[PDB]
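Peer 1: Structure incoming, see below.
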Amino acid sequence: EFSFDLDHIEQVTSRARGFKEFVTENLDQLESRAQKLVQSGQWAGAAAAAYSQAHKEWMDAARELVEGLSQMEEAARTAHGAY
Amino acid sequence: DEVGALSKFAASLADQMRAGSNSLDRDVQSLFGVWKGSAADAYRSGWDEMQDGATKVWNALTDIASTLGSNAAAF
């Protein structure tokens, strides 16, 4: 019924989901601790600009990472019969 | 000290994301030896977009890690 290959796809997709969760959880922790520093004023001027730039990059990238995963999940669903 | 801590945190996360991303890339590519058709194709381009995002994250983490480590005083 449900071949080895489909179970393999589902396992890889599951690892990609675990990876996405790991990435977002830790970026969340980083943003939370760093944003305190901008909030307190300890990071101002060039220091804030540097953080802001990196944060912009990883936020836009995180979105691209989730959208990609979403495509993988729809595809794996399609392969399993969940059209 | 929080500045040093965040530099180490960002650097460590970068190392883990790079490893994770390369590992997933190998796993994903191995599926295409047997999985063919429109869903396989869509999965491949989903992964390409996911890996692209992961790379941009890794690059941003490495950059801020280095700036915080090397320019600690301005922070």
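Letters A, B, ... go to the chains of the structure tokens in the order shown; residues in each chain start at 1; ligands are counted from 1 in the same order.
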Near chain A, meaning an atom within 7 Å, which residues of chain B appear when counting only C-alpha atoms? Write them as a list in words.

Peer 2: residues 24, 27, 28, 31, 39, 40, 42, 43, 46, 47, 49, 50, 53, 54, 56, 57, 60, 61, 64, 74 and 75 of chain B

Peer 1: Could you save the residues just selected, with N, CA and C atoms, as a PDB file, in the first residue's frame?

Peer 2:
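Printed below is part-v7.pdb as written:
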```pdb
ATOM      1  N   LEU B  24      20.817  17.614   5.332  1.00  0.00           N
ATOM      2  CA  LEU B  24      19.494  17.527   4.734  1.00  0.00           C
ATOM      3  C   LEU B  24      19.594  17.517   3.220  1.00  0.00           C
ATOM      4  N   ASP B  27      20.262  14.066   2.137  1.00  0.00           N
ATOM      5  CA  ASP B  27      19.060  13.243   2.301  1.00  0.00           C
ATOM      6  C   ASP B  27      18.053  13.523   1.194  1.00  0.00           C
ATOM      7  N   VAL B  28      17.811  14.804   0.946  1.00  0.00           N
ATOM      8  CA  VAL B  28      16.850  15.207  -0.062  1.00  0.00           C
ATOM      9  C   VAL B  28      17.254  14.716  -1.412  1.00  0.00           C
ATOM     10  N   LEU B  31      16.492  11.159  -2.409  1.00  0.00           N
ATOM     11  CA  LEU B  31      15.113  10.736  -2.731  1.00  0.00           C
ATOM     12  C   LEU B  31      14.844  10.653  -4.233  1.00  0.00           C
ATOM     13  N   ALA B  39       5.346  15.900  -8.202  1.00  0.00           N
ATOM     14  CA  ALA B  39       5.516  16.170  -6.766  1.00  0.00           C
ATOM     15  C   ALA B  39       6.998  16.125  -6.421  1.00  0.00           C
ATOM     16  N   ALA B  40       7.715  15.200  -7.031  1.00  0.00           N
ATOM     17  CA  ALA B  40       9.150  15.188  -6.808  1.00  0.00           C
ATOM     18  C   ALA B  40       9.773  16.509  -7.246  1.00  0.00           C
ATOM     19  N   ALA B  42       8.353  19.459  -7.473  1.00  0.00           N
ATOM     20  CA  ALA B  42       7.962  20.543  -6.568  1.00  0.00           C
ATOM     21  C   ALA B  42       8.764  20.451  -5.262  1.00  0.00           C
ATOM     22  N   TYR B  43       8.999  19.240  -4.786  1.00  0.00           N
ATOM     23  CA  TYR B  43       9.814  19.024  -3.599  1.00  0.00           C
ATOM     24  C   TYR B  43      11.245  19.524  -3.807  1.00  0.00           C
ATOM     25  N   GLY B  46      11.152  23.277  -3.626  1.00  0.00           N
ATOM     26  CA  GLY B  46      10.960  23.639  -2.247  1.00  0.00           C
ATOM     27  C   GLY B  46      12.249  23.570  -1.433  1.00  0.00           C
ATOM     28  N   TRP B  47      12.993  22.479  -1.606  1.00  0.00           N
ATOM     29  CA  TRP B  47      14.259  22.279  -0.921  1.00  0.00           C
ATOM     30  C   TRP B  47      15.305  23.306  -1.353  1.00  0.00           C
ATOM     31  N   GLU B  49      14.677  26.272  -2.304  1.00  0.00           N
ATOM     32  CA  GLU B  49      14.314  27.501  -1.602  1.00  0.00           C
ATOM     33  C   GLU B  49      14.631  27.393  -0.101  1.00  0.00           C
ATOM     34  N   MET B  50      14.335  26.266   0.535  1.00  0.00           N
ATOM     35  CA  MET B  50      14.730  26.075   1.922  1.00  0.00           C
ATOM     36  C   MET B  50      16.277  26.208   2.186  1.00  0.00           C
ATOM     37  N   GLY B  53      17.403  29.693   1.965  1.00  0.00           N
ATOM     38  CA  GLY B  53      17.093  30.450   3.156  1.00  0.00           C
ATOM     39  C   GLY B  53      18.087  30.146   4.268  1.00  0.00           C
ATOM     40  N   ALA B  54      18.402  28.884   4.400  1.00  0.00           N
ATOM     41  CA  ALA B  54      19.318  28.398   5.423  1.00  0.00           C
ATOM     42  C   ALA B  54      20.698  29.011   5.254  1.00  0.00           C
ATOM     43  N   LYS B  56      21.424  31.947   3.723  1.00  0.00           N
ATOM     44  CA  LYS B  56      21.323  33.353   4.073  1.00  0.00           C
ATOM     45  C   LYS B  56      21.302  33.516   5.611  1.00  0.00           C
ATOM     46  N   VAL B  57      20.605  32.624   6.308  1.00  0.00           N
ATOM     47  CA  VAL B  57      20.607  32.698   7.779  1.00  0.00           C
ATOM     48  C   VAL B  57      22.030  32.497   8.340  1.00  0.00           C
ATOM     49  N   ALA B  60      24.215  35.449   7.845  1.00  0.00           N
ATOM     50  CA  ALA B  60      23.873  36.573   8.715  1.00  0.00           C
ATOM     51  C   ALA B  60      24.366  36.310  10.130  1.00  0.00           C
ATOM     52  N   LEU B  61      24.226  35.075  10.590  1.00  0.00           N
ATOM     53  CA  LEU B  61      24.720  34.668  11.911  1.00  0.00           C
ATOM     54  C   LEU B  61      26.228  34.801  12.054  1.00  0.00           C
ATOM     55  N   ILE B  64      27.160  38.629  12.191  1.00  0.00           N
ATOM     56  CA  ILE B  64      26.963  39.320  13.459  1.00  0.00           C
ATOM     57  C   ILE B  64      27.879  38.706  14.514  1.00  0.00           C
ATOM     58  N   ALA B  74      32.328  48.544  20.640  1.00  0.00           N
ATOM     59  CA  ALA B  74      31.274  49.411  20.095  1.00  0.00           C
ATOM     60  C   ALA B  74      29.888  48.932  20.533  1.00  0.00           C
ATOM     61  N   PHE B  75      29.848  47.740  21.123  1.00  0.00           N
ATOM     62  CA  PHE B  75      28.607  47.175  21.623  1.00  0.00           C
ATOM     63  C   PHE B  75      28.514  47.331  23.143  1.00  0.00           C
TER      64      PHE B  75
END
```

Peer 1: For the atom pair atom CA of residue 82 of chain A and atom CA of residue 7 of chain A, what is the interatomic distance in Å to one decimal place?

Peer 2: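 Between atom CA of residue 82 of chain A and atom CA of residue 7 of chain A the gap is 14.2 Å.
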
Peer 1: Could you work out how far atom CA of residue 25 of chain A lies from atom CA of residue 12 of chain B, giving the answer in Å with one decimal?

Peer 2: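 Between atom CA of residue 12 of chain B and atom CA of residue 25 of chain A the gap is 14.0 Å.
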